[PDB]
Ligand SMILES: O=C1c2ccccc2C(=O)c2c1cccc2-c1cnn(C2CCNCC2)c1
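Let's start with one chain on its own, the form solved without this ligand, as structure tokens.
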């Protein structure tokens, strides 16, 4: 077969980050043929870039069953996409079987996270969990997961639009507060199920330039939901367990600020907090992988990748003895919301 030639050829290209605008433009008025011709070039570049990095991992990592299985998904997905390079954009059955091919590729990779998690486990027990190992895992998974988010975003844009308010997974009129409430509601439901107390929510908005207006943005609200949900679940765990022997339960307080450049979402809790020393660990794939609410959500590392993905960030800071603020930093202006892709 040809996977290594394909990988080599296509990793000579640089991925092409898209902006929100570019996304919205692909997504109306059936630009279908256009999405197609972009994607058949772009997905291989993206796939191959990460595949090259996978192949450069040391052999004692690369020969593990978990990496072998993922190496195998990428090869197959890259080949499935190949089939279409020389095919004819005007032929509607071409467009059709390409959408089928996208769905199948998306399915094939649904379980990477737990797959990678086993590889981390194997390596931790097999070579150790020293700081150097940790940085290398962190470095590799951040890139790899960031890479993964970007590909799933391309595929979802195409399959949702090519099967009027929403544009695939982008809401050009996202109501930030609405998403905060829904993710709160869902985390509370879980909370009340496993603890039979749950804190209230208090939302405050600060729309600097327009005192009055509800705060809206162009965003991928499924992403924003992932991040809010992870954050609520942690804050609820903290708050509830830290107040078992007490009567008053602090609310969880969220602030939504709209500046010239940032849209920031702070979520404050009084769960007793974490010492500065132990904070980075929460972001570590290595330390946050071991063999109640613990089962739910995308995790802090991935939540932060979602924020970084459109040039934002997710940060924590705590006051041990008191509680923790978690802030999601997003770009307020759609013209600043451009894909951030691992550097090659």
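Think of the rigid core as the biggest set of C-alphas that the two forms share within 1.5 Å after superposition. Positions refer to the first chain, counted from 1.
Unshown form solved in complex with this ligand; subsequent notes refer to it.
This ligand in the bound PDB entry is not approached by residue 306, whose heavy atoms all lie more than 4.5 angstroms from it. Contact check for residue 49: every heavy atom lies farther than 4.5 Å from this ligand in the bound PDB entry. Taking the partner from elsewhere, residue 16 is found to have a heavy atom lying within 4.5 Å of this ligand in the bound PDB entry. Looking at residue 63, you'd find every heavy atom of it more than 4.5 angstroms from this ligand in the bound PDB entry.
Using a 4.5 Å cut-off on any heavy atom, the residues of 26-56 that reach this ligand in the bound PDB entry are, in sequence order, 26, 34, 35, 38. Comparing the forms between the shown form and the other one on their rigid core, the Cα displacement of residue 38 stays under 2 Å. Put the two forms on the same core and the Cα of residue 297 is off by 2 Å or more between the shown form and the other one. In the bound PDB entry, the CA atoms of residue 121 and residue 298 sit closer together than in the displayed form, by at least 3 angstroms. Note: residue 298-residue 284 Cα separation is 3 Å or more shorter in the bound PDB entry than here.
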